[PDB]
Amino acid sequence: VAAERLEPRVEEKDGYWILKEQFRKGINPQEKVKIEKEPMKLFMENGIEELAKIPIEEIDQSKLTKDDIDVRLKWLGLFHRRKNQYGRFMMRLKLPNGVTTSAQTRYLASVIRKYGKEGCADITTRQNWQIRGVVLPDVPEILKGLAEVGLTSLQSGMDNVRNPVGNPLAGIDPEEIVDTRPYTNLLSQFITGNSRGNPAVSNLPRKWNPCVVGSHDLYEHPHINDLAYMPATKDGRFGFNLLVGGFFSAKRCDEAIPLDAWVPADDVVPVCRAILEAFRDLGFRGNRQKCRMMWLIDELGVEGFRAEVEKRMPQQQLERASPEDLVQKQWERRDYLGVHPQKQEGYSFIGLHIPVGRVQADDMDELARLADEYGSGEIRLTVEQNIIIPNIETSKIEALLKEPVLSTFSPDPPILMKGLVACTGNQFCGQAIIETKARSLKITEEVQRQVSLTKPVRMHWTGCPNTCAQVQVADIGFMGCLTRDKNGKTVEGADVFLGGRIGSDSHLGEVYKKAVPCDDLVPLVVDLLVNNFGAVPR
């Protein structure tokens, strides 16, 4: 690989980072949007104030403003649902480690409540909140309200660093390796410039997913992140081995590979910065399907990429990976739903099932109430789109289990519900080929009526090949498609995936059977469960 390939392609200009003039040939349309106007100006120069005053029908009449609402606003965590909920915006937070407060939860509930049938909220597969129904004129006030309660929505979509995932049991599990909260907090603060915006990392060639591991269970899914910090002692010092480049896409799914690098715990932010700078400076910016960081790693080779990270470290120092990490390969992933003792004597946490991650305003208020009455006002989100309420005096558990809302958000739902994950789908998402959330609940309910089982089978439903619900990690995955019934009529269907494994012995699942009409999935799944997962007909 020639030395010319290593010339940084972006430069700092007036506080923002822009593609150099000589590197603008052949770029994709999204890169052109970013050049035409810097998205971060909508927040950092308060461009949103005047934009929000323009009626949406007028906004749609010019490319600049249409691109503002459809593309640039994703830098402020705002996602126009143009096709399926025109004029309304989904809003996505930064929520490092999935940690929320009751006050924050009530604030979010109050926002969605205003929008009635157009409002609701969802827990995401990055243990994050999304709210729905937002209208553009309300955006300035919502941004202010979020800041007031200690939340940010910065840099949560498009070509940005996504929600930093950690251990949902951080600080409370007797069996944790290291509390991930300080690290995911530091990452989020770095990424967002302490909630002011950080232009140095907001002009990436593509999205980029980070996680910090603190569990033997690998709840954080390090194998499918762009950067995963694996806890490891090296020469008597605590730090992290680094895995890089994991990603899913329609075209290609790849597990993260070792960078062959270890950093002391205090170098978490420095190395995140170095890797992001290398990606920003050097990544391809053509075909959007070839812009994720792994494509750069393949182009330079992992050693070539490593050298680019190393030169961007303070004092240009980057140690080689530790021979061993702290994650024990002898491990059985633990159920976190239900009541579990914390490492703090006399305290428990409770994991509650949130059916397909969907809540209404009234539900959010009730969960916030529980957190205040029983816990410490904390609600934690999980990547299976469930919740944990920590820090509950164990003597209160008996009373808690009698709370009416636990009949809906149960500490012990049927086993297939415990493992069920589903993306937004076509209720709101314009890319979706099928409806996911309602369908997945219906099918799972019917399947569990027919068979009992003891193996914790994990079923993931995703609405299109973007695979936001990670079907490649599932025991049984369902990817939306259109197919045909016996009469040749168009019907919703799924491509069925098998082979996904998580934890230390991870593996990416692959298509097993294409184009199954959704109305025909129940018998197929019942038989798969009996034949491959020890299920017994009722």
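Start at 1 with the first residue shown and count on from there.
- Stretch comparison (118-126 versus 190-198) by mean CA B-factor in the PDB entry places 190-198 on top.
- 16-24 and 524-532 differ in mean CA B-factor, and the higher of the two is recorded for 16-24.
- Comparing the C-alpha B-factors of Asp235, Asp372, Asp179, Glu366 in the entry, the top value falls on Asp235.
- The entry assigns its greatest Cα B factor, within the set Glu277, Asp298, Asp226, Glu255, to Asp298.
- In the PDB entry, a CA B factor belonging to the middle third of its chain's modelled residues is recorded for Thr101.
- When the modelled residues of the chain are ordered by C-alpha B-factor, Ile350 sits in the lowest third.
- Placement of the Cα temperature factor of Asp475 within the chain: lowest third of the modelled residues, per the deposited record.
- Per the deposited record, the Cα B-factor of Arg72 falls in the middle third when ranked against the other modelled residues of its chain.
- The deposited CA B-factor of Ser376 belongs to the middle third of values across its chain.
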